[PDB]
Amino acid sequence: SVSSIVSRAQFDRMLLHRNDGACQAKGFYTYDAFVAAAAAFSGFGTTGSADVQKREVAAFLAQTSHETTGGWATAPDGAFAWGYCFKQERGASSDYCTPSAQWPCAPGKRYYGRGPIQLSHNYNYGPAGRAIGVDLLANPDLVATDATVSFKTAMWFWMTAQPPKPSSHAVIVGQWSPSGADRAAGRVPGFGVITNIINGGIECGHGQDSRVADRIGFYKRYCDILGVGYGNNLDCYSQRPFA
């Protein structure tokens, strides 16, 4: 049902310039691929009222747009029209291998960021590949070469709790309730705690941050396009990182 809520026209209006300029992933991120991936993750964009469903797709596309953004302050149509410009991390310093019995690194393979959520590390490629049905420890580049696997890895990340963190899905559909430690930390439901889930260690809890604002910039633009309210608690400037 996610295609009922977001049309191809809408999708393209939000992801306006992905196939433009000097973007590195032109033609790669397709509506059809997005919609097929969404189907594998039951509940995504189909949980709650029509308004909750829109917020979820907006929030999803907004977090992933930041991770892949080719935007700048004076970019054509604004900085928030240039998400999904990249599919691979540019100039990683390492293979992102952190030695693991559970998720062992494959020799000569690298787990730098790929796809919509710029998935990183063996200990994320491992689980994600298990969920999707395919070996991403041995072939992590699949995340950069198959448009449907790419989206599937981002939605796996969206739909999956990694304690003490809840899933981004649970938060945006209003299913998450903060613990006592969460409330001590100032973590309250909303878009801002999803930013905390994604990259809170660097971005959250220390006042106004340009990266956090960029995520919110995409979110508001997409919410506007889908015609839905933003909901509360958009930033994480006053939230301690998870731990």
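Residue numbers here begin at 1 and follow the sequence given.
S.K.: Would 101 to 109 or 123 to 131 have the larger average of its C-alpha temperature factors, as given in the entry?
M.R.: Stretch with the higher mean C-alpha B-factor: 101 to 109.
S.K.: Name the higher of the two by mean Cα B-factor in the PDB entry, 20 to 28 versus 226 to 234.
M.R.: Mean B over CA atoms: larger for 20 to 28.
S.K.: Maximum C-alpha temperature factor per the entry, among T64, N199, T46, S210, belongs to which one?
M.R.: Out of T64, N199, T46, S210, the record gives the largest C-alpha B-factor to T46.
S.K.: Is the Cα B-factor recorded for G217 in the lowest, middle or highest third of its chain?
M.R.: Lowest third of the chain for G217's C-alpha B-factor.
S.K.: Lowest, middle or highest third: where is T69 by Cα B-factor in its chain?
M.R.: Within its chain, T69 is a middle-third residue by C-alpha B-factor, going by the deposited values.
S.K.: Looking at the entry's B-factor column for C-alpha atoms only, identify whether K54 ranks in the lowest, middle or highest third of its chain.
M.R.: Lowest third, going by the recorded CA B-factors of the chain.
S.K.: Classify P178 as lowest, middle or highest third according to the C-alpha B-factor given in the PDB entry, relative to its own chain.
M.R.: For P178, the deposited C-alpha B-factor lands in the highest third.
S.K.: Sorting by Cα B-factor within the chain, modelled residues only, which third would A161 end up in: lowest, middle or highest?
M.R.: Its C-alpha B-factor, which the entry lists for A161, ranks in the highest third among residues of this chain.
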